[PDB]
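Student: Next up, start_25.pdb (PDB, C-alpha atoms).
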ATOM      1  CA  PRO A 635     -20.703 -26.205 -22.448
ATOM      2  CA  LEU A 636     -18.469 -26.022 -25.458
ATOM      3  CA  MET A 637     -18.817 -22.253 -25.773
ATOM      4  CA  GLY A 638     -17.682 -22.014 -22.164
ATOM      5  CA  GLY A 639     -20.016 -21.415 -19.277
ATOM      6  CA  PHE A 640     -21.723 -23.280 -16.481
ATOM      7  CA  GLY A 641     -23.610 -26.338 -17.686
ATOM      8  CA  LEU A 642     -26.827 -26.557 -15.676
ATOM      9  CA  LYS A 643     -29.411 -29.304 -15.585
ATOM     10  CA  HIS A 644     -32.044 -26.891 -14.262
ATOM     11  CA  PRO A 645     -30.827 -23.576 -15.619
ATOM     12  CA  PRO A 646     -32.452 -20.258 -14.761
ATOM     13  CA  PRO A 647     -36.031 -20.489 -16.003
ATOM     14  CA  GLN A 648     -36.583 -18.533 -19.176
ATOM     15  CA  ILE A 649     -38.920 -15.578 -18.712
ATOM     16  CA  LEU A 650     -41.573 -14.920 -21.348
ATOM     17  CA  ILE A 651     -43.548 -11.703 -21.826
ATOM     18  CA  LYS A 652     -46.223 -10.477 -24.219
ATOM     19  CA  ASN A 653     -48.573  -7.561 -24.760
ATOM     20  CA  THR A 654     -52.090  -8.739 -24.032
ATOM     21  CA  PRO A 655     -53.991  -8.184 -27.294
ATOM     22  CA  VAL A 656     -56.590  -5.431 -27.216
ATOM     23  CA  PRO A 657     -59.168  -5.656 -30.023
ATOM     24  CA  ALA A 658     -60.223  -2.874 -32.298
ATOM     25  CA  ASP A 659     -63.963  -2.284 -32.456
ATOM     26  CA  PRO A 660     -65.785  -5.458 -33.534
ATOM     27  CA  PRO A 661     -68.702  -5.209 -35.968
ATOM     28  CA  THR A 662     -72.191  -4.703 -34.609
ATOM     29  CA  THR A 663     -73.419  -7.982 -36.138
ATOM     30  CA  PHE A 664     -72.038 -11.225 -34.740
ATOM     31  CA  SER A 665     -69.367 -13.095 -36.694
ATOM     32  CA  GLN A 666     -67.719 -16.447 -36.024
ATOM     33  CA  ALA A 667     -64.280 -15.454 -37.303
ATOM     34  CA  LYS A 668     -61.618 -14.435 -34.822
ATOM     35  CA  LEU A 669     -60.941 -10.741 -34.399
ATOM     36  CA  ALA A 670     -58.304  -9.693 -36.927
ATOM     37  CA  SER A 671     -58.082  -5.972 -36.114
ATOM     38  CA  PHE A 672     -56.092  -4.897 -33.066
ATOM     39  CA  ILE A 673     -54.879  -1.698 -31.479
ATOM     40  CA  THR A 674     -51.250  -0.935 -32.275
ATOM     41  CA  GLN A 675     -49.607  -1.116 -28.896
ATOM     42  CA  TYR A 676     -46.320  -1.635 -27.076
ATOM     43  CA  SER A 677     -45.006  -1.454 -23.546
ATOM     44  CA  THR A 678     -41.870  -0.362 -21.731
ATOM     45  CA  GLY A 679     -40.531  -0.681 -18.226
ATOM     46  CA  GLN A 680     -37.597  -1.454 -15.982
ATOM     47  CA  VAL A 681     -36.022  -4.842 -15.261
ATOM     48  CA  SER A 682     -33.560  -5.798 -12.520
ATOM     49  CA  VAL A 683     -31.517  -8.961 -12.082
ATOM     50  CA  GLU A 684     -29.254  -9.595  -9.101
ATOM     51  CA  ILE A 685     -26.901 -12.577  -8.985
ATOM     52  CA  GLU A 686     -24.988 -13.694  -5.912
ATOM     53  CA  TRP A 687     -21.608 -15.212  -6.674
ATOM     54  CA  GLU A 688     -19.265 -17.548  -4.821
ATOM     55  CA  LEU A 689     -15.568 -16.751  -5.110
ATOM     56  CA  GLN A 690     -12.545 -18.952  -4.555
ATOM     57  CA  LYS A 691      -9.862 -16.717  -3.116
ATOM     58  CA  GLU A 692      -6.391 -17.007  -4.571
ATOM     59  CA  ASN A 693      -3.930 -18.417  -2.035
ATOM     60  CA  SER A 694      -0.440 -18.851  -3.425
ATOM     61  CA  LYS A 695       3.174 -18.750  -2.288
ATOM     62  CA  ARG A 696       4.565 -17.742  -5.669
ATOM     63  CA  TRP A 697       7.382 -15.276  -5.082
ATOM     64  CA  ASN A 698       7.439 -13.207  -8.277
ATOM     65  CA  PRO A 699       4.584 -11.026  -9.547
ATOM     66  CA  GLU A 700       1.582 -12.386 -11.417
ATOM     67  CA  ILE A 701       0.255 -11.198 -14.753
ATOM     68  CA  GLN A 702      -2.669  -8.840 -14.315
ATOM     69  CA  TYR A 703      -5.196  -7.283 -16.637
ATOM     70  CA  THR A 704      -4.203  -3.642 -16.998
ATOM     71  CA  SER A 705      -5.550  -0.924 -19.228
ATOM     72  CA  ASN A 706      -3.211   0.711 -21.705
ATOM     73  CA  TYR A 707      -1.035   3.253 -19.924
ATOM     74  CA  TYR A 708      -0.353   5.275 -23.074
ATOM     75  CA  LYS A 709      -2.539   8.121 -24.315
ATOM     76  CA  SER A 710      -5.425   7.497 -26.687
ATOM     77  CA  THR A 711      -8.121   9.346 -28.601
ATOM     78  CA  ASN A 712     -10.697   8.094 -26.105
ATOM     79  CA  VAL A 713     -11.025   5.882 -23.058
ATOM     80  CA  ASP A 714     -11.532   2.168 -23.626
ATOM     81  CA  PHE A 715     -14.820   0.738 -22.344
ATOM     82  CA  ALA A 716     -16.401   4.179 -22.423
ATOM     83  CA  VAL A 717     -18.518   6.298 -24.713
ATOM     84  CA  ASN A 718     -17.112   8.090 -27.734
ATOM     85  CA  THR A 719     -18.052  11.582 -28.903
ATOM     86  CA  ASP A 720     -21.388  10.366 -30.289
ATOM     87  CA  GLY A 721     -22.437   8.439 -27.200
ATOM     88  CA  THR A 722     -21.684   5.011 -28.654
ATOM     89  CA  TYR A 723     -20.438   2.621 -26.007
ATOM     90  CA  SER A 724     -17.769   0.203 -27.133
ATOM     91  CA  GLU A 725     -15.753  -2.706 -25.780
ATOM     92  CA  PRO A 726     -12.348  -2.716 -27.480
ATOM     93  CA  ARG A 727     -11.174  -6.271 -26.806
ATOM     94  CA  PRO A 728     -12.394  -9.585 -25.389
ATOM     95  CA  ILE A 729     -11.278 -10.151 -21.814
ATOM     96  CA  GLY A 730     -10.724 -13.682 -20.600
ATOM     97  CA  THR A 731     -10.772 -14.777 -17.000
ATOM     98  CA  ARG A 732      -7.405 -16.521 -16.635
ATOM     99  CA  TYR A 733      -4.579 -14.272 -15.511
ATOM    100  CA  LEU A 734      -3.719 -16.037 -12.253
ATOM    101  CA  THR A 735      -1.472 -19.058 -12.047
ATOM    102  CA  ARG A 736      -1.547 -22.380 -10.252
ATOM    103  CA  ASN A 737       0.672 -25.415 -10.276
ATOM    104  CA  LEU A 738      -0.601 -27.994 -12.750
TER     105      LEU A 738
ATOM    106  CA  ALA B 219      13.402 -25.879  29.216
ATOM    107  CA  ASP B 220      15.922 -24.456  26.767
ATOM    108  CA  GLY B 221      19.469 -25.708  26.450
ATOM    109  CA  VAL B 222      22.351 -26.222  24.081
ATOM    110  CA  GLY B 223      20.530 -28.978  22.218
ATOM    111  CA  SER B 224      17.019 -27.588  21.776
ATOM    112  CA  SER B 225      16.265 -24.837  19.282
ATOM    113  CA  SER B 226      15.069 -21.434  20.452
ATOM    114  CA  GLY B 227      12.426 -20.884  17.800
ATOM    115  CA  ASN B 228      11.010 -21.791  14.425
ATOM    116  CA  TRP B 229      11.389 -20.261  10.999
ATOM    117  CA  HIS B 230       8.524 -17.997   9.971
ATOM    118  CA  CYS B 231       8.017 -16.235   6.685
ATOM    119  CA  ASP B 232       4.443 -15.851   5.537
ATOM    120  CA  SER B 233       1.755 -13.292   4.803
ATOM    121  CA  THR B 234      -1.733 -13.512   6.258
ATOM    122  CA  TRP B 235      -4.228 -11.476   4.258
ATOM    123  CA  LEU B 236      -7.306 -11.281   6.459
ATOM    124  CA  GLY B 237      -9.994  -8.748   5.700
ATOM    125  CA  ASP B 238      -8.390  -5.350   6.189
ATOM    126  CA  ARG B 239      -5.351  -6.699   8.066
ATOM    127  CA  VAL B 240      -2.292  -8.109   6.349
ATOM    128  CA  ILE B 241       0.240  -9.633   8.722
ATOM    129  CA  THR B 242       3.682 -10.104   7.197
ATOM    130  CA  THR B 243       6.294 -12.143   9.019
ATOM    131  CA  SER B 244       9.852 -12.716   7.893
ATOM    132  CA  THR B 245      13.015 -14.426   9.030
ATOM    133  CA  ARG B 246      16.679 -14.161   8.093
ATOM    134  CA  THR B 247      20.053 -15.513   9.153
ATOM    135  CA  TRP B 248      22.712 -13.041  10.249
ATOM    136  CA  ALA B 249      26.316 -12.879  11.419
ATOM    137  CA  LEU B 250      27.553 -10.248  13.849
ATOM    138  CA  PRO B 251      31.313  -9.659  13.845
ATOM    139  CA  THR B 252      33.591  -7.979  16.364
ATOM    140  CA  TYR B 253      33.892  -4.327  15.388
ATOM    141  CA  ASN B 254      36.742  -2.050  16.472
ATOM    142  CA  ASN B 255      38.236  -4.807  18.636
ATOM    143  CA  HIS B 256      35.641  -4.014  21.312
ATOM    144  CA  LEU B 257      36.399  -0.284  21.281
ATOM    145  CA  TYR B 258      34.604   2.995  20.991
ATOM    146  CA  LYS B 259      36.564   5.321  18.759
ATOM    147  CA  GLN B 260      36.414   8.994  17.967
ATOM    148  CA  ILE B 261      36.053   9.524  14.232
ATOM    149  CA  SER B 262      36.242  12.879  12.489
ATOM    150  CA  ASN B 263      36.956  14.537   9.172
ATOM    151  CA  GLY B 264      38.362  18.041   8.889
ATOM    152  CA  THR B 265      38.838  20.552   6.112
ATOM    153  CA  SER B 266      42.597  20.528   6.743
ATOM    154  CA  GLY B 267      42.795  17.443   4.532
ATOM    155  CA  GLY B 268      41.477  17.033   1.027
ATOM    156  CA  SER B 269      37.929  17.239   2.371
ATOM    157  CA  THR B 270      35.847  20.372   1.902
ATOM    158  CA  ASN B 271      33.951  22.367   4.509
ATOM    159  CA  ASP B 272      30.624  20.673   3.791
ATOM    160  CA  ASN B 273      31.976  17.161   4.364
ATOM    161  CA  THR B 274      33.409  17.657   7.860
ATOM    162  CA  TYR B 275      32.028  15.640  10.757
ATOM    163  CA  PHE B 276      32.756  14.540  14.302
ATOM    164  CA  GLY B 277      31.401  11.463  16.024
ATOM    165  CA  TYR B 278      32.018   8.025  17.459
ATOM    166  CA  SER B 279      32.045   4.490  16.069
ATOM    167  CA  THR B 280      30.887   1.978  18.633
ATOM    168  CA  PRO B 281      31.576  -1.766  18.709
ATOM    169  CA  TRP B 282      27.829  -2.412  18.766
ATOM    170  CA  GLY B 283      25.836  -3.551  15.755
ATOM    171  CA  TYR B 284      22.205  -2.970  14.955
ATOM    172  CA  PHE B 285      19.278  -4.517  13.113
ATOM    173  CA  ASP B 286      17.632  -2.475  10.373
ATOM    174  CA  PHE B 287      14.385  -3.796   8.892
ATOM    175  CA  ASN B 288      13.319  -0.334   7.703
ATOM    176  CA  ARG B 289      12.888  -1.108   3.969
ATOM    177  CA  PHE B 290       9.639  -2.417   2.517
ATOM    178  CA  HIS B 291      11.066  -5.336   0.574
ATOM    179  CA  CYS B 292      12.356  -6.792   3.805
ATOM    180  CA  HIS B 293       8.714  -7.400   4.713
ATOM    181  CA  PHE B 294       7.006  -7.999   1.348
ATOM    182  CA  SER B 295       7.415 -10.422  -1.501
ATOM    183  CA  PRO B 296       6.882  -9.000  -4.986
ATOM    184  CA  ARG B 297       3.644 -10.958  -5.161
ATOM    185  CA  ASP B 298       2.498  -9.739  -1.748
ATOM    186  CA  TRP B 299       3.409  -6.256  -2.902
ATOM    187  CA  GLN B 300       1.264  -6.685  -5.991
ATOM    188  CA  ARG B 301      -1.741  -7.720  -3.936
ATOM    189  CA  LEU B 302      -1.243  -4.613  -1.824
ATOM    190  CA  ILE B 303      -0.723  -1.934  -4.415
ATOM    191  CA  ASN B 304      -3.295  -3.208  -6.893
ATOM    192  CA  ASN B 305      -6.192  -3.839  -4.546
ATOM    193  CA  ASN B 306      -5.911  -1.156  -1.858
ATOM    194  CA  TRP B 307      -5.876   2.618  -1.511
ATOM    195  CA  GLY B 308      -3.949   2.994   1.708
ATOM    196  CA  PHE B 309      -2.068   1.048   4.305
ATOM    197  CA  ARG B 310      -0.347   1.797   7.554
ATOM    198  CA  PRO B 311       1.465  -0.357  10.092
ATOM    199  CA  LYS B 312      -0.273  -1.197  13.338
ATOM    200  CA  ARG B 313       2.070  -3.243  15.517
ATOM    201  CA  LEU B 314       5.209  -5.314  15.154
ATOM    202  CA  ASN B 315       6.800  -8.257  16.916
ATOM    203  CA  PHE B 316      10.488  -9.102  16.954
ATOM    204  CA  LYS B 317      12.547 -12.148  17.893
ATOM    205  CA  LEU B 318      16.137 -13.307  18.088
ATOM    206  CA  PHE B 319      16.648 -17.024  18.432
ATOM    207  CA  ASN B 320      19.027 -19.894  17.675
ATOM    208  CA  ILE B 321      22.217 -18.159  18.752
ATOM    209  CA  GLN B 322      25.527 -19.729  17.720
TER     210      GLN B 322
END
Translate the structure described by the file into C-alpha coordinates.
Tutor:
Amino acid sequence: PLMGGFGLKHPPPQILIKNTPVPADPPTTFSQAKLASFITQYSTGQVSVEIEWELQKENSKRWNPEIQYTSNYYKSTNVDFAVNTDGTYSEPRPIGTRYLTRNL
Amino acid sequence: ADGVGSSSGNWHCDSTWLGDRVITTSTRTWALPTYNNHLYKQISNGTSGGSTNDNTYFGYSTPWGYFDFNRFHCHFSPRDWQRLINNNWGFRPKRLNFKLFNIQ
(Lines of atoms letter the chains of each structure in order from A and count residues from 1; the text may use other names and numbers.)
(Lines give C-alpha, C1' and ligand atoms only; values in the text may rest on other atoms or scores of the structure.)
Protein backbone atom coordinates (compact mmCIF):
# COMPACT_ATOMS: atom_id res chain seq x y z
CA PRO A 1 0.00 0.00 0.00
CA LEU A 2 1.16 3.48 -0.77
CA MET A 3 0.11 4.83 2.62
CA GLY A 4 2.22 2.10 4.17
CA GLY A 5 0.80 -1.06 5.63
CA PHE A 6 0.35 -4.71 4.79
CA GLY A 7 -1.27 -5.25 1.41
CA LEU A 8 -3.65 -8.19 1.74
CA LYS A 9 -5.59 -10.02 -0.93
CA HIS A 10 -8.06 -11.33 1.65
CA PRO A 11 -7.88 -8.67 4.33
CA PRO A 12 -9.70 -8.93 7.65
CA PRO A 13 -13.40 -9.12 6.81
CA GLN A 14 -15.20 -5.88 7.48
CA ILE A 15 -17.75 -6.16 10.28
CA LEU A 16 -21.15 -4.52 9.83
CA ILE A 17 -23.68 -3.75 12.56
CA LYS A 18 -27.12 -2.16 12.72
CA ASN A 19 -29.97 -1.56 15.13
CA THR A 20 -32.86 -3.78 14.10
CA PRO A 21 -35.72 -1.36 13.36
CA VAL A 22 -38.60 -1.44 15.82
CA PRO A 23 -41.83 0.09 14.49
CA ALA A 24 -43.97 2.63 16.22
CA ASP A 25 -47.62 1.68 16.52
CA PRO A 26 -49.13 1.01 13.08
CA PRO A 27 -52.64 2.25 12.30
CA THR A 28 -55.59 0.02 13.07
CA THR A 29 -56.66 -0.08 9.40
CA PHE A 30 -54.40 -1.87 6.94
CA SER A 31 -52.17 0.18 4.64
CA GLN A 32 -49.86 -0.91 1.83
CA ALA A 33 -47.18 1.70 2.49
CA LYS A 34 -44.10 0.73 4.46
CA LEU A 35 -43.96 1.76 8.10
CA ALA A 36 -42.42 5.23 8.32
CA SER A 37 -42.59 5.76 12.10
CA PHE A 38 -39.98 4.07 14.28
CA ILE A 39 -38.90 4.09 17.89
CA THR A 40 -35.86 6.28 18.52
CA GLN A 41 -33.27 3.79 19.63
CA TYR A 42 -29.55 3.13 19.96
CA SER A 43 -27.28 0.51 21.45
CA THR A 44 -23.97 0.32 23.27
CA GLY A 45 -21.60 -2.43 24.29
CA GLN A 46 -18.05 -3.66 24.51
CA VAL A 47 -15.78 -4.84 21.68
CA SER A 48 -12.49 -6.73 21.89
CA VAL A 49 -9.91 -7.42 19.20
CA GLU A 50 -6.78 -9.49 19.78
CA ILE A 51 -4.04 -9.73 17.16
CA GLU A 52 -1.13 -12.15 17.30
CA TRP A 53 2.07 -10.80 15.79
CA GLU A 54 5.22 -12.38 14.39
CA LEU A 55 8.47 -10.62 15.23
CA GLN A 56 11.84 -10.77 13.53
CA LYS A 57 14.42 -10.43 16.27
CA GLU A 58 17.29 -8.05 15.66
CA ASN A 59 20.60 -9.90 15.37
CA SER A 60 23.53 -7.62 14.66
CA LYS A 61 27.25 -7.36 15.35
CA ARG A 62 27.36 -3.58 15.17
CA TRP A 63 29.77 -2.36 17.83
CA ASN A 64 28.52 1.15 18.63
CA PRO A 65 25.09 1.99 20.07
CA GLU A 66 21.93 2.19 17.98
CA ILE A 67 19.49 5.07 17.84
CA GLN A 68 16.48 4.43 20.05
CA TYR A 69 13.15 6.11 20.55
CA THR A 70 13.36 7.92 23.87
CA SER A 71 10.97 10.30 25.55
CA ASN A 72 12.15 13.80 26.33
CA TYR A 73 14.30 13.77 29.44
CA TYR A 74 13.65 17.43 30.25
CA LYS A 75 10.75 18.68 32.36
CA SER A 76 7.43 19.60 30.79
CA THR A 77 4.01 20.96 31.69
CA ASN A 78 2.56 17.48 31.27
CA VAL A 79 3.54 13.97 30.26
CA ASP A 80 3.51 13.13 26.57
CA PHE A 81 1.05 10.42 25.51
CA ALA A 82 -1.03 11.04 28.61
CA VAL A 83 -4.06 13.02 29.67
CA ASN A 84 -3.96 16.74 30.35
CA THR A 85 -5.77 18.55 33.15
CA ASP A 86 -9.12 18.26 31.35
CA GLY A 87 -8.85 14.56 30.59
CA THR A 88 -8.01 15.02 26.91
CA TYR A 89 -5.64 12.35 25.68
CA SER A 90 -3.07 13.49 23.16
CA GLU A 91 -0.29 12.06 21.03
CA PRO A 92 2.40 14.72 20.60
CA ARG A 93 4.30 13.40 17.58
CA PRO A 94 4.13 10.68 14.92
CA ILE A 95 6.35 7.72 15.72
CA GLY A 96 7.83 5.72 12.88
CA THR A 97 9.06 2.17 13.12
CA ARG A 98 12.62 2.44 11.80
CA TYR A 99 15.23 3.12 14.45
CA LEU A 100 17.32 -0.03 14.00
CA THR A 101 19.99 -0.40 11.37
CA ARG A 102 21.02 -3.06 8.89
CA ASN A 103 23.60 -3.25 6.17
CA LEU A 104 22.09 -2.30 2.82
CA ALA B 1 47.54 -34.03 20.36
CA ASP B 2 48.93 -30.55 20.96
CA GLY B 3 52.37 -29.46 19.87
CA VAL B 4 54.45 -26.54 18.70
CA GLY B 5 52.64 -26.38 15.37
CA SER B 6 48.98 -26.75 16.33
CA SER B 7 47.06 -23.93 17.98
CA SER B 8 45.72 -24.29 21.51
CA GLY B 9 42.34 -22.67 20.94
CA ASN B 10 40.15 -20.45 18.83
CA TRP B 11 39.22 -16.81 19.07
CA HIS B 12 35.84 -16.16 20.67
CA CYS B 13 34.08 -12.86 21.12
CA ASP B 14 30.31 -12.94 20.89
CA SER B 15 27.14 -12.40 22.88
CA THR B 16 24.34 -14.95 23.00
CA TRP B 17 21.06 -13.38 24.06
CA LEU B 18 18.80 -16.32 24.86
CA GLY B 19 15.62 -15.76 26.82
CA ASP B 20 16.71 -14.58 30.25
CA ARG B 21 20.35 -15.63 29.81
CA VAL B 22 22.94 -13.51 28.05
CA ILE B 23 26.29 -15.23 27.60
CA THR B 24 29.14 -12.86 26.80
CA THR B 25 32.48 -14.23 25.68
CA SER B 26 35.58 -12.20 24.93
CA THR B 27 39.17 -12.67 23.91
CA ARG B 28 42.29 -10.50 24.02
CA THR B 29 46.00 -10.72 23.31
CA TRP B 30 48.41 -10.01 26.14
CA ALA B 31 52.12 -9.76 26.90
CA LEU B 32 53.57 -10.66 30.28
CA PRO B 33 57.00 -9.19 31.03
CA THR B 34 59.62 -10.11 33.61
CA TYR B 35 59.00 -7.99 36.69
CA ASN B 36 61.62 -7.26 39.35
CA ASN B 37 64.14 -9.54 37.62
CA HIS B 38 62.38 -12.55 39.17
CA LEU B 39 62.45 -11.08 42.68
CA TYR B 40 60.13 -10.40 45.54
CA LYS B 41 60.91 -7.02 47.03
CA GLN B 42 59.92 -5.21 50.17
CA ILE B 43 58.36 -1.86 49.33
CA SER B 44 57.46 0.81 51.86
CA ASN B 45 56.85 4.51 52.27
CA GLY B 46 57.50 6.35 55.52
CA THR B 47 56.69 9.76 56.91
CA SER B 48 60.41 10.48 57.30
CA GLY B 49 60.44 11.53 53.65
CA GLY B 50 58.22 14.05 51.96
CA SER B 51 55.26 11.72 52.44
CA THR B 52 52.64 12.41 55.09
CA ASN B 53 51.31 10.09 57.78
CA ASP B 54 48.26 9.06 55.77
CA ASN B 55 50.29 7.90 52.76
CA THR B 56 52.60 5.45 54.53
CA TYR B 57 52.52 1.78 53.60
CA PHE B 58 54.45 -1.46 53.86
CA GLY B 59 54.21 -4.42 51.53
CA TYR B 60 55.80 -6.57 48.86
CA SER B 61 56.00 -6.44 45.06
CA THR B 62 56.10 -9.90 43.56
CA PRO B 63 57.40 -10.92 40.13
CA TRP B 64 54.01 -12.45 39.35
CA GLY B 65 51.42 -10.82 37.12
CA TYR B 66 47.67 -11.16 37.18
CA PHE B 67 44.63 -11.02 34.93
CA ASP B 68 41.92 -8.51 35.79
CA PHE B 69 38.64 -8.72 33.86
CA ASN B 70 36.70 -6.94 36.62
CA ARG B 71 35.30 -4.02 34.55
CA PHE B 72 32.03 -4.26 32.64
CA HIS B 73 33.27 -2.97 29.30
CA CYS B 74 35.70 -5.85 29.15
CA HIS B 75 32.66 -8.09 28.72
CA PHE B 76 30.14 -5.88 26.88
CA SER B 77 30.07 -3.98 23.63
CA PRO B 78 28.28 -0.63 23.70
CA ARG B 79 25.52 -2.20 21.63
CA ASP B 80 25.27 -5.22 23.92
CA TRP B 81 25.19 -2.79 26.81
CA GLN B 82 22.32 -0.92 25.21
CA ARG B 83 20.29 -4.09 24.81
CA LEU B 84 20.88 -4.81 28.48
CA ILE B 85 20.14 -1.50 30.10
CA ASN B 86 17.19 -0.58 27.89
CA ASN B 87 15.28 -3.85 27.98
CA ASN B 88 15.91 -5.28 31.45
CA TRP B 89 15.41 -4.39 35.10
CA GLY B 90 18.13 -6.46 36.69
CA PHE B 91 21.00 -8.73 35.89
CA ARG B 92 23.47 -10.79 37.83
CA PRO B 93 26.30 -13.10 36.81
CA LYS B 94 25.79 -16.83 37.08
CA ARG B 95 28.99 -18.61 36.07
CA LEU B 96 32.17 -17.87 34.17
CA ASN B 97 34.69 -19.82 32.13
CA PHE B 98 38.30 -18.86 31.55
CA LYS B 99 41.03 -19.95 29.14
CA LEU B 100 44.65 -19.27 28.32
CA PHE B 101 45.85 -20.58 24.99
CA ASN B 102 48.34 -20.00 22.17
CA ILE B 103 51.37 -19.32 24.34
CA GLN B 104 54.43 -17.77 22.68
Student: Could the residues of chain B within 8 Å of chain A, counting all atoms listed in the file, be given as a PyMOL selection string, please?
Tutor: chain B and resi 295-297+300
Student: Of the candidates B:233, B:273, B:260, B:244, which shows the shortest atom-to-atom distance to residue 316 (chain B), using all atoms listed in the file?
Tutor: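 Smallest distance to residue 316 (chain B) is found for B:244.
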Student: Name the residues in contact with residue 732 (chain A) at a cut-off of 10 Å, using only C-alpha atoms, excluding same-chain residues fewer than 2 positions from it; report them as a list in words.
Tutor: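 The neighbour list is residues 701, 702, 703, 729, 730, 734 and 735 of chain A.
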Student: Once the PyMOL selection byres ((chain A and resi 666-678) around 6) is applied to the coordinates I shared, what remains selected? I want it as a PyMOL selection string.
Tutor: chain A and resi 656-658+665+679
Student: Using all atoms listed in the file, which residue out of B:299, B:248, B:309, B:235 lies closest to residue 283 (chain B)?
Tutor: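 Of the candidates, the smallest distance to residue 283 (chain B) is held by B:248.
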Student: What's around residue 231 (chain B) at 10 Å? Count all atoms listed in the file, leave out sequence neighbours fewer than 6 positions away in its own chain, and write the answer as JSON, numbers by chain.
Tutor: {"B": [242, 243, 244, 245, 246, 293, 294]}
Student: Please evaluate the PyMOL selection byres ((chain B and resi 312) around 12) against the displayed coordinates and give the resulting residues as a PyMOL selection string.
Tutor: chain B and resi 238-242+309-311+313-315
